[PDB]
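Notes follow the structure.
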Amino acid sequence: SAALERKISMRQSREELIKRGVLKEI
Amino acid sequence: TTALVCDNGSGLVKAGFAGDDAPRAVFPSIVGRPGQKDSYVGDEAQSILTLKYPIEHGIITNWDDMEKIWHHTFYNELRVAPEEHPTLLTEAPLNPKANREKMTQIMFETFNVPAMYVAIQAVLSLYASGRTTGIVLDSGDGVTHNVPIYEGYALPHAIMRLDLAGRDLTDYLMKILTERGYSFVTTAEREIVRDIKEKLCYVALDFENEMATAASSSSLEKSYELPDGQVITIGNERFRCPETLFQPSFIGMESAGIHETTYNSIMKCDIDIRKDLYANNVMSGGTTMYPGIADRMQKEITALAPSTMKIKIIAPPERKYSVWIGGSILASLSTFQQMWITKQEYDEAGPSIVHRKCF
Ligand SMILES: Nc1ncnc2c1ncn2[C@@H]1O[C@H](COP(=O)(O)OP(=O)(O)OP(=O)(O)O)[C@@H](O)[C@H]1O
Ligand SMILES: C/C1=C/C(=O)O[C@@H]2C[C@@H](CC[C@H](C)/C=C\CC1)O[C@@](O)([C@@H]1CSC(=O)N1)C2
Ligand SMILES: [Mg+2]
C-alpha cells in the first residue's frame with residue numbers, strides 16, 4: 001500500500017484545511 | 001506486538017489483526033439474557049434469551065454491554081491480552097465527542113491497552129480502495145451515510161446520515177411478505193427473512209418497468225424453503241425491498257433516497273473537489289451487496305450530475321468488510337505508528353486526547 005501511505009503522510013494539516021474553509025466541523 | 005483492528009457495527013463486530021486480509025472474528029453485536037452465567041455475548045447468545053444490541057445506528061448506547069462485547073472480542077474471540085496490543089477501533093461519522101472520549105477511557109483504564117486510535121468507518125473503506133479522496137456510501141445493519149472525504153478528512157458539514165439500513169430492510173421485507181399471506185414473528189423468523197433478503201433480493205435498474213414485468217409474468221418469482229420444509233414464494237418483493245433505499249417513503253420515511261443524498265453531499269463540498277468525488281464513489285457495508293445496486297446508482301447519479309462529470313462507482317466484491325480491511329491496512333503502515341494515542345499520552349492529557357490525535 002505504498003501509494004496510500006504516500007498520500008496519508010503528506011495530508012495537509014487540520015488547522016490549515018479549516019483555514020482554507022475546506023474543513024467545517026460541527 | 002501486532003496491532004488489533006475492531007469494527008464495532010450495529011449488527012456485526014468485525015475483529016482481527018492488522019496485516020491480515022480479513023477479520024478472523026465476525027460475530028453478532030448482541031448480549032443475550034435468559035450457577036450459570038448471567039449473560040451471553042456474541043456467538044454465545046446466537047447458539048431462551050432476550051437480545052440487546054449495545055450499538056444503535058452505529059452509536060454506542062449501552063456502555064455496560066459494550067464492555068462485555070469488547071471483553072468477548074479480546075479474550076474469547078481473538079484470545080489476546082489487550083495490554084500487549086495497540087488497538088484500532090472504528091466509529092460512525094458524527095460520533096459525539098462524549099462517546100469517543102468514553103471509548104478511549106475504557107480502552108486505557110479498563111482494558112489497559114498500550115495504545116489506541118479511533119477512525120471513521122467510511123474513511124477506512126475509502127483507504128481500503130487505495131484512495132484518500134472520494135465519497136463513500138457506507139450502509140450496514142443500523143445506519144447509512146454518505147461521507148465525502150478529502151485527504152483522509154471526512155468533511156462533516158457535508159455528511160448525510162440516514163436511519164434506513166439492513167435491519168429496516170429486513171423488517172420491511174417481513175411486512176410485505178404478509179401480502180402473500182405469510183407471517184414471520186419470532187427472532188428466529190426475522191433471521192430467516194434476513195437470509196431471504198440476502199439471497200433473493202435485488203435492485204431493479206428501472207423500478208417501474210420491473211413492476212410491470214412482474215405483473216405480466218411469473219418470470220421473476222423464486223421459491224425459498226425453510227429447513228422445516230415450509231416454502232415461501234416471492235415475486236416483486238425481491239426488488240421492492242431494496243427499492244426503499246432509493247425511495248424511503250416506502251417505509252413512511254419522508255427523506256431523500258441514497259442517490260439524491262450522494263448528490264446533495266457532493267454539492268455541499270468545495271467546487272474544486274466535486275469532480276473528484278463523482279469519479280470516486282465507493283460503496284461499503286453489507287447493505288450495499290444487492291445485485292444491481294451499483295448499476296442503479298450509476299444511472300441515478302448520472303441523471304443528477306452534469307454531463308461534464310465522469311461518474312464512477314467502486315464496489316469491490318469484499319465490500320462488506322472494507323471498513324475492517326482499511327483498518328488493517330492503516331494500522332500496519334509505518335507512517336501511522338506516530339498516530340497512535342499512547343498510554344503515556346493518555347495519562348498526561350486524559351480522554352480528550354482523542355480529539356487532538358484522531359481525525
Ligand atoms: N448479500 C447481502 N445482501 C443484502 N444485505 C446484506 C448482505 N449481506 C449482509 N447484508 C446486510 O448487511 C447488514 C450487516 O452489514 P455490516 O456488518 O456492514 O453492518 P454493521 O457494520 O454491523 O452495521 P452499521 O455499520 O450500520 O452499524 C445486515 O443487515 C445484513 O442483512
Ligand atoms: C448470520 C448473522 C448475520 C447478521 O448480519 O446479524 C446481525 C446481528 C443479528 C443479531 C441476532 C441474530 C439472531 C444473531 C446472529 C446472526 C448473525 O441481527 C441481525 O440479523 C439483524 C436482525 S434481522 C437483520 O436484518 N438485522 C443482524
Ligand atoms: Mg458498519
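Protein chains get the first letters and strands the later ones, always in sequence-line order, with residue 1 at the start of each. Quick note: numbers below take in every heavy atom, side chains included, and nothing from hydrogens, waters or symmetry partners. Atoms within each ligand, like the ligands themselves, are counted from 1 in listed order.
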Evaluate B:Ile55 for polar contact with ligand 1, using N/O atom pairs at a separation under 3.5 Å.
no

Proximal atoms of ligand 1 relative to B:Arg194 (non-hydrogen, under 4.0 Å)
31 (O)

Does some side-chain heavy atom of B:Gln46 sit less than 4.5 Å from a side-chain heavy atom of B:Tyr40?
no

If the cut-off is 4.0 Å to any non-hydrogen atom of B:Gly166, which atoms of ligand 1 fall inside it?
29 (O)

Looking at B:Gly152, is its backbone amide N or carbonyl O close enough to the side chain of A:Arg11 to form a donor-acceptor pair, meaning the two atoms are under 3.5 Å apart?
yes

Sub-3.5 Å N/O-N/O distance, B:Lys197 and ligand 1:
yes

Report the part of B:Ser10 in contact with ligand 1, treating N, CA, C, O as backbone and CB onward as side chain, heavy atoms under 4.0 Å; options are side chain, backbone, both, neither.
both

With atoms numbered from 1 as shown, which atoms in ligand 2 lie under 4.0 angstrom from a non-hydrogen atom of B:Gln46?
15 (C)

Student check: side-chain heavy atoms of B:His72 and B:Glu44 closer than 4.5 Å
yes

Does ligand 2 come near enough to B:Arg190 that some N or O of the ligand is less than 3.5 Å from an N or O of the residue?
no

Using the side-chain contact (heavy atoms from CB on, under 4.5 Å) rule, take B:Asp270 and B:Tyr150 through it: C-alpha gap first, then chi angles, then the decisive distance, then the call.
CA-CA 10 Å; B:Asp270 176 81; B:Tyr150 180 72; over 6 Å; no

Check each atom of ligand 2 against the heavy atoms of B:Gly166 and keep those under 4.0 Å away; list them by number with element.
25 (O)

Only heavy atoms of B:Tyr53, strictly under 4.0 Å: list the atoms of ligand 2 that pass.
9 (C), 10 (C), 11 (C), 18 (O), 19 (C), 21 (C), 22 (C)

Please confirm whether B:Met289 comes within less than 3.5 Å of ligand 1 when only nitrogen or oxygen atoms on both sides are compared.
no

Near-ring test B:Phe336/B:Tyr127, centroid separation under 6.0 angstrom
no

Considering non-hydrogen atoms only, spot the tightest contact between B:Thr73 and B:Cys6 and give its length.
CG2-SG, 4.3 Å

Protein heavy atom at shortest distance from atom 6 (C) of ligand 1:
B:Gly286 O, 3.0 Å

Heavy-atom nearest neighbour in the protein, as seen from atom 22 (O) of ligand 1, with distance rounded to 0.1 Å:
B:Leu12 N, 2.8 Å

Nearest non-hydrogen contact with atom 22 (C) of ligand 2 belongs to which option: B:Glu189, B:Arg194, B:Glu191?
B:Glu191

Can you confirm whether B:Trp324 sits close enough to B:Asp20 that some side-chain heavy atom of one is under 4.5 Å from a side-chain heavy atom of the other?
yes

Cluster check B:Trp63, B:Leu89: I/L/V/M/F/W/Y, side chain < 4.5 angstrom:
yes

Could you check if a side-chain atom of B:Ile120 sits within less than 4.5 angstrom of a side-chain atom of B:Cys358, using non-hydrogen atoms only?
no

Which is it for B:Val193 and ligand 2 at heavy atoms under 4.0 Å: side chain, backbone, both or neither?
neither

Can B:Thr133 and A:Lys7 be said to form a side-chain contact (heavy atoms from CB on, under 4.5 Å), step by step?
CA-CA 10 Å; B:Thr133 291; A:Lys7 287 173 191 177; over 6 Å; no

Is the shortest side-chain heavy-atom distance between B:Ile293 and B:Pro242 below 4.5 Å?
no

Quick one: look up the protein heavy atom nearest atom 4 (C) of ligand 1 and list residue, atom name and how far away it is.
B:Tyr290 CZ, 3.5 Å

Element-labelled atoms of ligand 1 that are located less than 4.0 Å from some non-hydrogen atom of B:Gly9
20 (P), 21 (O), 22 (O), 27 (O)

Give me the nearest non-hydrogen protein atom to atom 8 (N) of ligand 1 as residue plus atom name, then the distance to 0.1 Å.
B:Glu198 CD, 3.6 Å

Counting from 1, what ligand 2 atoms have a heavy atom of B:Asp141 closer than 4.0 Å?
21 (C), 24 (C), 25 (O), 26 (N), 27 (C)

Which ligand 2 atoms are under 4.0 Å away from a heavy-atom of B:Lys197?
25 (O)

Sub-4.0 Å atoms of ligand 1 with respect to non-hydrogen atoms of B:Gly285:
18 (O)

Taking atom 19 (O) of ligand 1 as the reference point, the nearest protein heavy atom with its distance:
B:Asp141 N, 3.1 Å

Sub-4.0 Å atoms of ligand 2 with respect to non-hydrogen atoms of B:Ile30:
10 (C)

for atom 26 (O) of ligand 1, nearest protein heavy atom and its distance come out as B:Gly142 N, 2.8 Å

Using side-chain heavy atoms (C-beta onward) and a distance below 4.5 Å, is B:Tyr182 in contact with B:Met174?
no

Close approach of B:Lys14 to ligand 1, heavy atoms, under 4.0 angstrom
yes

Do the side chains of B:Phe184 and B:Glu191 get nearer than 4.5 Å, heavy atoms only?
no

Atom 25 (O) of ligand 1 - nearest protein heavy atom and its distance:
B:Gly140 CA, 3.9 Å

Using a 4.5 Å cut-off on heavy atoms from C-beta on, say whether the side chain of B:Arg33 contacts that of B:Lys52.
yes

With respect to B:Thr170, which candidate in B:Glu198, B:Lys175, B:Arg190, B:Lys197 satisfies the side chain to side chain donor-acceptor pair (under 3.5 Å) definition?
B:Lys197

